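File shown: start-v2.pdb. Contents: PDB, C-alpha atoms and all ligand atoms.
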```pdb
ATOM      1  CA  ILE A   1       0.000   0.000   0.000  1.00  0.00           C
ATOM      2  CA  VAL A   2       1.422   3.374  -1.076  1.00  0.00           C
ATOM      3  CA  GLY A   3       0.286   6.465   0.792  1.00  0.00           C
ATOM      4  CA  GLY A   4      -1.683   4.583   3.436  1.00  0.00           C
ATOM      5  CA  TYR A   5      -1.578   4.382   7.218  1.00  0.00           C
ATOM      6  CA  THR A   6      -0.648   1.725   9.747  1.00  0.00           C
ATOM      7  CA  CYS A   7      -3.932  -0.083  10.371  1.00  0.00           C
ATOM      8  CA  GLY A   8      -3.173  -1.189  13.923  1.00  0.00           C
ATOM      9  CA  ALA A   9      -2.655  -4.765  15.048  1.00  0.00           C
ATOM     10  CA  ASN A  10      -5.588  -7.073  14.306  1.00  0.00           C
ATOM     11  CA  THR A  11      -7.931  -4.230  13.306  1.00  0.00           C
ATOM     12  CA  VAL A  12      -8.637  -5.937   9.934  1.00  0.00           C
ATOM     13  CA  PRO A  13      -9.544  -9.379  11.260  1.00  0.00           C
ATOM     14  CA  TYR A  14     -10.499 -10.913   7.904  1.00  0.00           C
ATOM     15  CA  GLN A  15      -7.122 -10.056   6.344  1.00  0.00           C
ATOM     16  CA  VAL A  16      -4.963 -13.111   5.694  1.00  0.00           C
ATOM     17  CA  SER A  17      -1.382 -13.511   4.470  1.00  0.00           C
ATOM     18  CA  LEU A  18      -0.699 -16.342   2.011  1.00  0.00           C
ATOM     19  CA  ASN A  19       2.695 -17.878   2.749  1.00  0.00           C
ATOM     20  CA  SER A  20       4.786 -20.317   0.681  1.00  0.00           C
ATOM     21  CA  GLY A  21       7.985 -19.831   2.684  1.00  0.00           C
ATOM     22  CA  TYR A  22       7.350 -16.075   2.553  1.00  0.00           C
ATOM     23  CA  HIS A  23       4.344 -13.795   2.184  1.00  0.00           C
ATOM     24  CA  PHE A  24       3.312 -13.578  -1.460  1.00  0.00           C
ATOM     25  CA  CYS A  25      -0.314 -12.370  -1.532  1.00  0.00           C
ATOM     26  CA  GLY A  26      -3.198 -11.283   0.626  1.00  0.00           C
ATOM     27  CA  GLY A  27      -6.633 -12.830   0.965  1.00  0.00           C
ATOM     28  CA  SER A  28      -9.908 -12.462   2.831  1.00  0.00           C
ATOM     29  CA  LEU A  29     -11.444 -14.968   5.246  1.00  0.00           C
ATOM     30  CA  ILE A  30     -15.082 -15.474   4.234  1.00  0.00           C
ATOM     31  CA  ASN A  31     -15.968 -18.303   6.651  1.00  0.00           C
ATOM     32  CA  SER A  32     -14.071 -20.481   9.101  1.00  0.00           C
ATOM     33  CA  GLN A  33     -12.670 -22.692   6.328  1.00  0.00           C
ATOM     34  CA  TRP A  34     -12.470 -20.587   3.142  1.00  0.00           C
ATOM     35  CA  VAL A  35     -10.409 -17.671   1.851  1.00  0.00           C
ATOM     36  CA  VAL A  36     -10.982 -15.484  -1.238  1.00  0.00           C
ATOM     37  CA  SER A  37      -7.908 -14.268  -3.127  1.00  0.00           C
ATOM     38  CA  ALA A  38      -6.803 -13.388  -6.664  1.00  0.00           C
ATOM     39  CA  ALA A  39      -6.384 -16.146  -9.261  1.00  0.00           C
ATOM     40  CA  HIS A  40      -3.029 -14.639 -10.226  1.00  0.00           C
ATOM     41  CA  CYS A  41      -1.856 -15.583  -6.707  1.00  0.00           C
ATOM     42  CA  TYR A  42      -2.305 -19.304  -7.436  1.00  0.00           C
ATOM     43  CA  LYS A  43       0.624 -21.581  -6.640  1.00  0.00           C
ATOM     44  CA  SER A  44       1.443 -24.835  -4.869  1.00  0.00           C
ATOM     45  CA  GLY A  45       2.157 -25.158  -1.164  1.00  0.00           C
ATOM     46  CA  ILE A  46      -0.024 -22.430   0.329  1.00  0.00           C
ATOM     47  CA  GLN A  47      -0.246 -21.841   4.064  1.00  0.00           C
ATOM     48  CA  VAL A  48      -2.946 -19.423   5.196  1.00  0.00           C
ATOM     49  CA  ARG A  49      -1.835 -17.121   8.007  1.00  0.00           C
ATOM     50  CA  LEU A  50      -4.590 -15.519  10.083  1.00  0.00           C
ATOM     51  CA  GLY A  51      -4.386 -13.075  12.963  1.00  0.00           C
ATOM     52  CA  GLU A  52      -1.187 -11.497  11.652  1.00  0.00           C
ATOM     53  CA  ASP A  53       0.171  -8.095  12.674  1.00  0.00           C
ATOM     54  CA  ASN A  54       3.879  -8.068  11.780  1.00  0.00           C
ATOM     55  CA  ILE A  55       4.249 -10.958   9.322  1.00  0.00           C
ATOM     56  CA  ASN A  56       7.855 -11.478  10.464  1.00  0.00           C
ATOM     57  CA  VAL A  57       6.970 -11.933  14.177  1.00  0.00           C
ATOM     58  CA  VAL A  58       4.809 -14.406  16.109  1.00  0.00           C
ATOM     59  CA  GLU A  59       2.968 -12.051  18.461  1.00  0.00           C
ATOM     60  CA  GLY A  60       0.314 -14.351  19.899  1.00  0.00           C
ATOM     61  CA  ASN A  61      -2.934 -14.109  17.893  1.00  0.00           C
ATOM     62  CA  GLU A  62      -1.826 -16.007  14.788  1.00  0.00           C
ATOM     63  CA  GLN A  63      -3.300 -19.156  13.303  1.00  0.00           C
ATOM     64  CA  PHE A  64      -1.249 -20.874  10.588  1.00  0.00           C
ATOM     65  CA  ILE A  65      -3.304 -23.403   8.599  1.00  0.00           C
ATOM     66  CA  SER A  66      -2.258 -25.190   5.421  1.00  0.00           C
ATOM     67  CA  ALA A  67      -4.567 -25.218   2.419  1.00  0.00           C
ATOM     68  CA  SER A  68      -6.251 -28.485   1.441  1.00  0.00           C
ATOM     69  CA  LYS A  69      -7.311 -27.284  -2.029  1.00  0.00           C
ATOM     70  CA  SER A  70      -7.630 -24.205  -4.142  1.00  0.00           C
ATOM     71  CA  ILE A  71     -10.050 -23.398  -6.924  1.00  0.00           C
ATOM     72  CA  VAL A  72      -9.199 -20.825  -9.591  1.00  0.00           C
ATOM     73  CA  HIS A  73     -12.231 -19.353 -11.324  1.00  0.00           C
ATOM     74  CA  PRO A  74     -13.042 -21.465 -14.403  1.00  0.00           C
ATOM     75  CA  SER A  75     -12.950 -18.417 -16.693  1.00  0.00           C
ATOM     76  CA  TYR A  76      -9.791 -16.789 -15.327  1.00  0.00           C
ATOM     77  CA  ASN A  77      -7.611 -15.449 -18.155  1.00  0.00           C
ATOM     78  CA  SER A  78      -4.061 -14.732 -16.994  1.00  0.00           C
ATOM     79  CA  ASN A  79      -3.329 -12.442 -19.966  1.00  0.00           C
ATOM     80  CA  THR A  80      -6.278 -10.079 -19.467  1.00  0.00           C
ATOM     81  CA  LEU A  81      -6.756 -10.785 -15.726  1.00  0.00           C
ATOM     82  CA  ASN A  82     -10.479 -11.184 -16.383  1.00  0.00           C
ATOM     83  CA  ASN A  83     -12.079 -13.165 -13.531  1.00  0.00           C
ATOM     84  CA  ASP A  84      -9.067 -12.696 -11.221  1.00  0.00           C
ATOM     85  CA  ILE A  85     -10.517 -14.647  -8.287  1.00  0.00           C
ATOM     86  CA  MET A  86      -9.788 -17.922  -6.528  1.00  0.00           C
ATOM     87  CA  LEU A  87     -10.944 -19.788  -3.445  1.00  0.00           C
ATOM     88  CA  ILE A  88      -8.617 -21.486  -0.950  1.00  0.00           C
ATOM     89  CA  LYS A  89      -9.854 -24.060   1.545  1.00  0.00           C
ATOM     90  CA  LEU A  90      -8.185 -24.521   4.927  1.00  0.00           C
ATOM     91  CA  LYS A  91      -7.352 -28.059   6.074  1.00  0.00           C
ATOM     92  CA  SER A  92      -8.973 -27.250   9.436  1.00  0.00           C
ATOM     93  CA  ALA A  93     -11.414 -24.544  10.425  1.00  0.00           C
ATOM     94  CA  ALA A  94      -9.987 -21.398  11.932  1.00  0.00           C
ATOM     95  CA  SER A  95     -11.034 -20.530  15.477  1.00  0.00           C
ATOM     96  CA  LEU A  96     -13.010 -17.326  15.034  1.00  0.00           C
ATOM     97  CA  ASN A  97     -12.644 -14.504  17.540  1.00  0.00           C
ATOM     98  CA  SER A  98     -12.485 -10.703  17.575  1.00  0.00           C
ATOM     99  CA  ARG A  99      -9.082 -10.739  15.828  1.00  0.00           C
ATOM    100  CA  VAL A 100      -9.728 -13.584  13.340  1.00  0.00           C
ATOM    101  CA  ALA A 101     -13.125 -13.053  11.758  1.00  0.00           C
ATOM    102  CA  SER A 102     -14.859 -13.591   8.454  1.00  0.00           C
ATOM    103  CA  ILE A 103     -16.032 -10.800   6.151  1.00  0.00           C
ATOM    104  CA  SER A 104     -19.474 -11.014   4.574  1.00  0.00           C
ATOM    105  CA  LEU A 105     -19.985 -11.267   0.854  1.00  0.00           C
ATOM    106  CA  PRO A 106     -21.943  -8.432  -0.734  1.00  0.00           C
ATOM    107  CA  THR A 107     -25.690  -8.362  -1.182  1.00  0.00           C
ATOM    108  CA  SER A 108     -25.406  -5.663  -3.857  1.00  0.00           C
ATOM    109  CA  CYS A 109     -22.615  -4.277  -6.007  1.00  0.00           C
ATOM    110  CA  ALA A 110     -21.149  -1.079  -4.562  1.00  0.00           C
ATOM    111  CA  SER A 111     -21.420   2.155  -6.539  1.00  0.00           C
ATOM    112  CA  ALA A 112     -18.812   4.615  -7.716  1.00  0.00           C
ATOM    113  CA  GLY A 113     -18.201   7.136  -4.965  1.00  0.00           C
ATOM    114  CA  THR A 114     -18.541   4.611  -2.144  1.00  0.00           C
ATOM    115  CA  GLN A 115     -15.656   4.648   0.311  1.00  0.00           C
ATOM    116  CA  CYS A 116     -13.765   1.435   0.867  1.00  0.00           C
ATOM    117  CA  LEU A 117     -10.882   0.103   2.956  1.00  0.00           C
ATOM    118  CA  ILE A 118      -7.992  -1.546   1.095  1.00  0.00           C
ATOM    119  CA  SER A 119      -5.305  -3.316   3.116  1.00  0.00           C
ATOM    120  CA  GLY A 120      -2.121  -5.311   2.732  1.00  0.00           C
ATOM    121  CA  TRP A 121       1.537  -5.968   3.449  1.00  0.00           C
ATOM    122  CA  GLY A 122       2.738  -4.894   0.004  1.00  0.00           C
ATOM    123  CA  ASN A 123       5.300  -2.362  -1.163  1.00  0.00           C
ATOM    124  CA  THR A 124       4.835   1.156   0.197  1.00  0.00           C
ATOM    125  CA  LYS A 125       6.851   2.934  -2.553  1.00  0.00           C
ATOM    126  CA  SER A 126       5.801   4.050  -6.036  1.00  0.00           C
ATOM    127  CA  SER A 127       9.513   4.345  -6.930  1.00  0.00           C
ATOM    128  CA  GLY A 128      11.652   1.539  -5.608  1.00  0.00           C
ATOM    129  CA  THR A 129      10.747  -0.995  -2.956  1.00  0.00           C
ATOM    130  CA  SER A 130      10.121  -1.099   0.776  1.00  0.00           C
ATOM    131  CA  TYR A 131       7.999  -3.716   2.537  1.00  0.00           C
ATOM    132  CA  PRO A 132       6.368  -2.573   5.796  1.00  0.00           C
ATOM    133  CA  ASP A 133       5.950  -5.886   7.686  1.00  0.00           C
ATOM    134  CA  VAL A 134       2.906  -4.529   9.580  1.00  0.00           C
ATOM    135  CA  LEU A 135      -0.458  -4.187   7.864  1.00  0.00           C
ATOM    136  CA  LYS A 136      -1.128  -0.965   5.956  1.00  0.00           C
ATOM    137  CA  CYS A 137      -4.533   0.500   5.197  1.00  0.00           C
ATOM    138  CA  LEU A 138      -5.950   2.922   2.649  1.00  0.00           C
ATOM    139  CA  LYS A 139      -9.375   4.551   2.496  1.00  0.00           C
ATOM    140  CA  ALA A 140     -10.298   5.073  -1.148  1.00  0.00           C
ATOM    141  CA  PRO A 141     -13.411   5.612  -3.255  1.00  0.00           C
ATOM    142  CA  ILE A 142     -14.649   3.468  -6.091  1.00  0.00           C
ATOM    143  CA  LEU A 143     -14.238   5.346  -9.377  1.00  0.00           C
ATOM    144  CA  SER A 144     -16.810   5.570 -12.138  1.00  0.00           C
ATOM    145  CA  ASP A 145     -16.707   2.944 -14.872  1.00  0.00           C
ATOM    146  CA  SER A 146     -16.155   5.814 -17.323  1.00  0.00           C
ATOM    147  CA  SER A 147     -13.112   7.127 -15.442  1.00  0.00           C
ATOM    148  CA  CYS A 148     -11.755   3.596 -15.106  1.00  0.00           C
ATOM    149  CA  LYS A 149     -12.076   2.783 -18.804  1.00  0.00           C
ATOM    150  CA  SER A 150     -10.598   6.133 -19.771  1.00  0.00           C
ATOM    151  CA  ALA A 151      -7.589   5.429 -17.531  1.00  0.00           C
ATOM    152  CA  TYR A 152      -7.022   1.962 -19.053  1.00  0.00           C
ATOM    153  CA  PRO A 153      -8.274   1.915 -22.662  1.00  0.00           C
ATOM    154  CA  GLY A 154      -9.229  -1.532 -23.895  1.00  0.00           C
ATOM    155  CA  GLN A 155      -8.521  -3.252 -20.579  1.00  0.00           C
ATOM    156  CA  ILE A 156     -11.465  -2.897 -18.160  1.00  0.00           C
ATOM    157  CA  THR A 157     -14.038  -5.682 -18.243  1.00  0.00           C
ATOM    158  CA  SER A 158     -17.402  -5.948 -16.510  1.00  0.00           C
ATOM    159  CA  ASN A 159     -15.600  -7.981 -13.804  1.00  0.00           C
ATOM    160  CA  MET A 160     -13.305  -5.120 -12.770  1.00  0.00           C
ATOM    161  CA  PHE A 161     -13.598  -1.751 -11.085  1.00  0.00           C
ATOM    162  CA  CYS A 162     -11.144   1.005 -10.316  1.00  0.00           C
ATOM    163  CA  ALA A 163     -10.655   2.550  -6.890  1.00  0.00           C
ATOM    164  CA  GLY A 164      -8.282   5.180  -5.636  1.00  0.00           C
ATOM    165  CA  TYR A 165      -7.145   8.604  -6.736  1.00  0.00           C
ATOM    166  CA  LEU A 166      -6.449   9.793 -10.277  1.00  0.00           C
ATOM    167  CA  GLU A 167      -3.982  12.385  -8.951  1.00  0.00           C
ATOM    168  CA  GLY A 168      -1.692   9.600  -7.718  1.00  0.00           C
ATOM    169  CA  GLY A 169       0.047   9.030  -4.429  1.00  0.00           C
ATOM    170  CA  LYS A 170      -2.354   6.542  -2.794  1.00  0.00           C
ATOM    171  CA  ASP A 171      -2.849   3.002  -4.141  1.00  0.00           C
ATOM    172  CA  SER A 172      -2.338  -0.679  -3.556  1.00  0.00           C
ATOM    173  CA  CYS A 173       0.926  -2.172  -4.827  1.00  0.00           C
ATOM    174  CA  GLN A 174       2.978  -5.345  -5.335  1.00  0.00           C
ATOM    175  CA  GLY A 175       2.390  -7.800  -2.515  1.00  0.00           C
ATOM    176  CA  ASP A 176      -1.128  -6.508  -1.825  1.00  0.00           C
ATOM    177  CA  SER A 177      -2.607  -8.690  -4.590  1.00  0.00           C
ATOM    178  CA  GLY A 178      -5.422 -10.942  -3.497  1.00  0.00           C
ATOM    179  CA  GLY A 179      -6.280  -8.799  -0.503  1.00  0.00           C
ATOM    180  CA  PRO A 180      -9.538  -7.107   0.411  1.00  0.00           C
ATOM    181  CA  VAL A 181     -11.464  -4.060  -0.673  1.00  0.00           C
ATOM    182  CA  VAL A 182     -14.216  -3.708   1.952  1.00  0.00           C
ATOM    183  CA  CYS A 183     -17.012  -1.174   1.645  1.00  0.00           C
ATOM    184  CA  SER A 184     -19.731  -0.779   4.273  1.00  0.00           C
ATOM    185  CA  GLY A 185     -18.599  -3.990   5.926  1.00  0.00           C
ATOM    186  CA  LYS A 186     -18.799  -6.202   2.823  1.00  0.00           C
ATOM    187  CA  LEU A 187     -16.101  -7.632   0.564  1.00  0.00           C
ATOM    188  CA  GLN A 188     -16.554  -5.764  -2.733  1.00  0.00           C
ATOM    189  CA  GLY A 189     -13.112  -6.095  -4.320  1.00  0.00           C
ATOM    190  CA  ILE A 190      -9.924  -8.111  -4.582  1.00  0.00           C
ATOM    191  CA  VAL A 191      -6.596  -6.362  -5.230  1.00  0.00           C
ATOM    192  CA  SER A 192      -5.875  -7.343  -8.849  1.00  0.00           C
ATOM    193  CA  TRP A 193      -3.701  -5.068 -11.016  1.00  0.00           C
ATOM    194  CA  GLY A 194      -2.577  -1.603 -12.059  1.00  0.00           C
ATOM    195  CA  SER A 195       0.206   0.112 -13.967  1.00  0.00           C
ATOM    196  CA  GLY A 196       2.955   0.681 -11.439  1.00  0.00           C
ATOM    197  CA  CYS A 197       1.629   1.931  -8.103  1.00  0.00           C
ATOM    198  CA  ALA A 198       0.143   5.291  -7.162  1.00  0.00           C
ATOM    199  CA  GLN A 199       0.904   6.816 -10.569  1.00  0.00           C
ATOM    200  CA  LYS A 200      -1.146   9.698 -11.934  1.00  0.00           C
ATOM    201  CA  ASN A 201      -4.146   8.549 -14.004  1.00  0.00           C
ATOM    202  CA  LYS A 202      -3.408   4.870 -13.234  1.00  0.00           C
ATOM    203  CA  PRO A 203      -5.670   3.881 -10.341  1.00  0.00           C
ATOM    204  CA  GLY A 204      -5.853   0.425  -8.866  1.00  0.00           C
ATOM    205  CA  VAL A 205      -7.996  -2.185 -10.587  1.00  0.00           C
ATOM    206  CA  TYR A 206      -9.965  -4.658  -8.489  1.00  0.00           C
ATOM    207  CA  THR A 207     -11.942  -7.831  -9.119  1.00  0.00           C
ATOM    208  CA  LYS A 208     -15.670  -7.094  -8.817  1.00  0.00           C
ATOM    209  CA  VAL A 209     -16.660  -9.593  -6.109  1.00  0.00           C
ATOM    210  CA  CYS A 210     -20.421  -9.022  -6.382  1.00  0.00           C
ATOM    211  CA  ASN A 211     -20.353 -10.765  -9.794  1.00  0.00           C
ATOM    212  CA  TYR A 212     -19.037 -13.949  -8.152  1.00  0.00           C
ATOM    213  CA  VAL A 213     -21.299 -14.455  -5.132  1.00  0.00           C
ATOM    214  CA  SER A 214     -23.249 -17.323  -6.703  1.00  0.00           C
ATOM    215  CA  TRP A 215     -20.061 -19.043  -7.860  1.00  0.00           C
ATOM    216  CA  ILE A 216     -18.487 -18.634  -4.411  1.00  0.00           C
ATOM    217  CA  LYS A 217     -21.527 -19.968  -2.575  1.00  0.00           C
ATOM    218  CA  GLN A 218     -22.065 -22.913  -4.913  1.00  0.00           C
ATOM    219  CA  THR A 219     -18.373 -23.822  -4.921  1.00  0.00           C
ATOM    220  CA  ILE A 220     -18.176 -23.775  -1.126  1.00  0.00           C
ATOM    221  CA  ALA A 221     -21.370 -25.839  -0.857  1.00  0.00           C
ATOM    222  CA  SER A 222     -19.856 -28.713  -2.893  1.00  0.00           C
ATOM    223  CA  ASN A 223     -16.164 -28.643  -1.917  1.00  0.00           C
TER     224      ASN A 223
HETATM  225  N1  LIG B   1      -3.150  -1.174  -7.521  1.00  0.00           N
HETATM  226  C1  LIG B   1      -2.031  -1.376  -8.222  1.00  0.00           C
HETATM  227  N2  LIG B   1      -1.453  -0.386  -8.826  1.00  0.00           N
HETATM  228  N3  LIG B   1      -1.533  -2.674  -8.280  1.00  0.00           N
HETATM  229  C2  LIG B   1      -2.298  -3.838  -7.822  1.00  0.00           C
HETATM  230  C3  LIG B   1      -1.422  -4.813  -7.068  1.00  0.00           C
HETATM  231  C4  LIG B   1      -0.225  -5.213  -7.889  1.00  0.00           C
HETATM  232  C5  LIG B   1       0.516  -3.995  -8.369  1.00  0.00           C
HETATM  233  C6  LIG B   1      -0.406  -3.067  -9.129  1.00  0.00           C
END
```
Show me, as structure tokens, the structure contained in the file I just sent.
Ligand SMILES: NC(=[NH2+])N1CCCCC1
Amino acid sequence: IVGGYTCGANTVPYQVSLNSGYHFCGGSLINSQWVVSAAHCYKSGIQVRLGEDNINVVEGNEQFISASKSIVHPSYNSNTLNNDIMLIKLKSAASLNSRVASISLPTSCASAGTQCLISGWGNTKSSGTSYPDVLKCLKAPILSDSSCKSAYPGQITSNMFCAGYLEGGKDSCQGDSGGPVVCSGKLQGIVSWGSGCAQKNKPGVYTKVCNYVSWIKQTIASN
């Protein structure tokens, strides 16, 4: 996250870190046994890490649970990033508490102008690289479909939305991928892509979770 603030330990209780020897992506806990992330985060050997503050320190509220399976969306296209969503199942259910908690799926798609919370452990620099180790947060509005398409000609599908600031300076970044965009207490987006980070006229692009609620529910019900 570039231009954000330190969230505070365990203040984003649905935020998970995906670890394969190291943190490589975020995710969102949507029930005691399932995480939503980005399809472009898929790999072998995933451990889901819940209750994290500093991802380099065991502070006392963590739960580390290996994945039993993951399910990339059937229509994910890695060239266009259309349908950039996957589900990850935990081998055992997490123990839910005030610091490890699920986030609800949306009932309705959120509108341009709605304020959301974007969070992650990704790079905090638009030029160069620095990883923060503690969770960073950014409050940002959803942008109009028109603004989003104008920023990225030929690239925005009906399964994507932009959020952030056209002026620059405040955005998600590398290492935030797969993490949450929460608006009014519901998971509306997944950190997906953008050109650089926090560049003028290049806002963040997010997977539009409301389009996937039926797929998520039906997949969980049978897996
Ligand atoms: N919001 C961005 N600019 N991002 C998304 C996460 C990966 C790097 C590009």
Need to verify the contact set: residue 158 of chain A, 10 Å, only C-alpha atoms, exclusion of same-chain residues closer than 4 positions in sequence. Can you return it as a compact mmCIF listing (two decimals) with C-alpha atoms, in the coordinates of the input?
```txt
# COMPACT_ATOMS: atom_id res chain seq x y z
CA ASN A 82 -10.48 -11.18 -16.38
CA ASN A 83 -12.08 -13.16 -13.53
CA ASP A 145 -16.71 2.94 -14.87
CA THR A 207 -11.94 -7.83 -9.12
CA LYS A 208 -15.67 -7.09 -8.82
CA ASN A 211 -20.35 -10.76 -9.79
```
Enumerate residues in contact with ligand LIG 1 (chain B): an atom-to-atom distance of at most 6 Å, counting only C-alpha atoms and all ligand atoms. Format the result as a ChimeraX atom specification.
-> /A:171-174,176-177,191-197,204-205
Prev. selection, C-alpha atoms, output as an mmCIF file, keeping the file's coordinate frame:
```cif
data_model
loop_
_atom_site.group_PDB
_atom_site.id
_atom_site.type_symbol
_atom_site.label_atom_id
_atom_site.label_comp_id
_atom_site.auth_asym_id
_atom_site.auth_seq_id
_atom_site.Cartn_x
_atom_site.Cartn_y
_atom_site.Cartn_z
ATOM 1 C CA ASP A 171 -2.849 3.002 -4.141
ATOM 2 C CA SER A 172 -2.338 -0.679 -3.556
ATOM 3 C CA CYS A 173 0.926 -2.172 -4.827
ATOM 4 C CA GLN A 174 2.978 -5.345 -5.335
ATOM 5 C CA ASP A 176 -1.128 -6.508 -1.825
ATOM 6 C CA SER A 177 -2.607 -8.690 -4.590
ATOM 7 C CA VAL A 191 -6.596 -6.362 -5.230
ATOM 8 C CA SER A 192 -5.875 -7.343 -8.849
ATOM 9 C CA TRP A 193 -3.701 -5.068 -11.016
ATOM 10 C CA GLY A 194 -2.577 -1.603 -12.059
ATOM 11 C CA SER A 195 0.206 0.112 -13.967
ATOM 12 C CA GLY A 196 2.955 0.681 -11.439
ATOM 13 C CA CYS A 197 1.629 1.931 -8.103
ATOM 14 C CA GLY A 204 -5.853 0.425 -8.866
ATOM 15 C CA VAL A 205 -7.996 -2.185 -10.587
#
```
Name every residue that the PyMOL selection byres (((chain A and resi 130) around 12) and not hetatm) selects in this structure, writing the answer as a PyMOL selection string with chains first and numbers rising.
-> chain A and resi 1-2+121-129+131-134+173-175
Output of the PyMOL selection byres (((chain A and resi 146-154) around 9) and not hetatm), listed as a list in words =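 With the shown file as input, the PyMOL selection byres (((chain A and resi 146-154) around 9) and not hetatm) matches residues 143, 144, 145, 155, 156, 157, 161, 162, 163, 166, 201, 202, 203 and 205 of chain A.
Interatomic distance, atom CA of residue 31 of chain A against atom CA of residue 118 of chain A: 19.4 Å.
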